[PDB]
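Listed next as structure tokens is one chain, alone, in the form deposited in one PDB entry.
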């Protein structure tokens, strides 16, 4: 097939042409793309903590090379475009565009199929790096979380966080207890670890946070000794000191943010760039009228109160030294 035919068949926008040309030049992977089917597929999806409802649907809608040629063309090359950067954190996180939902369940679940097809490759990388199996699997389970998030946010099955799963699939991100850590470099090339907080796994309890921090240096110095990070960096709505107006002393965020050293400037009060982030992570915001969002928790009430008052939330950036 040709990239223009794929683009038109799948209903992809004109801007995606450059990507599709790049995928055309890259070509199919050396190891043919294989999707698990049936109970094999159900076992893998369950291992990745995909909810039963979605997993059933994913298995049912799995595409076919003959009946879904445009989709298959893209699945092979997207897989290839990811595995070509296995272990490479300097490459940008390009998972490809979401597919228009007029293509049905196979289109909605496209990047789940990408993920499934790429599991063997990343698991081989984990093995080569000596990563324990439990850590490898624990890391890959965010697929289930992101699938669940799609359904909560939009109302039907899907997974549209494919840019983020390129981290898991390149073996450059590891879940080490409550927190995740990514191989990263600053603008000056200095190695660090990106610190991330997946939604699943309960509250950000101080003892769980501390355990994760203690795991970071030993893990990376053992399996990626060439990296040599000494510091973890975080960028998050969580680091916004404005939260102190609203959250009390029992807040995990408040207690733990106190250990962080913020490195960005106090943002302009009129800068609204951070509003969408906090709305995503607190409400999985999808354009609802604000006073029709839940108000059960102190943070839910905080986000809305602050915004109603004409004020703005900001992503802040900081670091903590690795123990």
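Whichever C-alpha set is largest while still superposing within 1.5 Å between the two forms counts as the rigid core. Positions refer to the first chain, counted from 1.
In this entry, 77 to 85 shows the higher mean Cα temperature factor of the pair 174 to 182 and 77 to 85.
Stretches 43 to 51 and 293 to 301 differ in mean CA B factor, with 293 to 301 having the higher one. In this PDB entry, the Cα temperature factor of residue 250 sits in the top third of its chain's modelled residues, the highest group. Ranked against the other modelled residues of its chain, the C-alpha B-factor of residue 155 as given in the entry falls in the highest third.
Here the subject shifts to the form deposited in another entry, a form of this protein not shown in this document.
Core-based superposition between this form and the one not shown shows that, of 135, 81, 184, 247, only 247 has its Cα displaced by 2 Å or more.
Relative to the superposed core, residue 275 undergoes a C-alpha shift of no less than 2 Å between this form and the one not shown. For residue 266, the Cα coordinates differ by 2 angstroms or more between this form and the one not shown after the core has been superposed. Core-aligned CA deviation for residue 305 between this form and the one not shown: 2 Å or greater. Note on residue 206 and residue 277: their C-alpha atoms are nearer in the other entry, a change of at least 3 Å from this conformation.
Between residue 277 and residue 207, the Cα spacing is smaller in the other entry than in the shown form, differing by no less than 3 Å.
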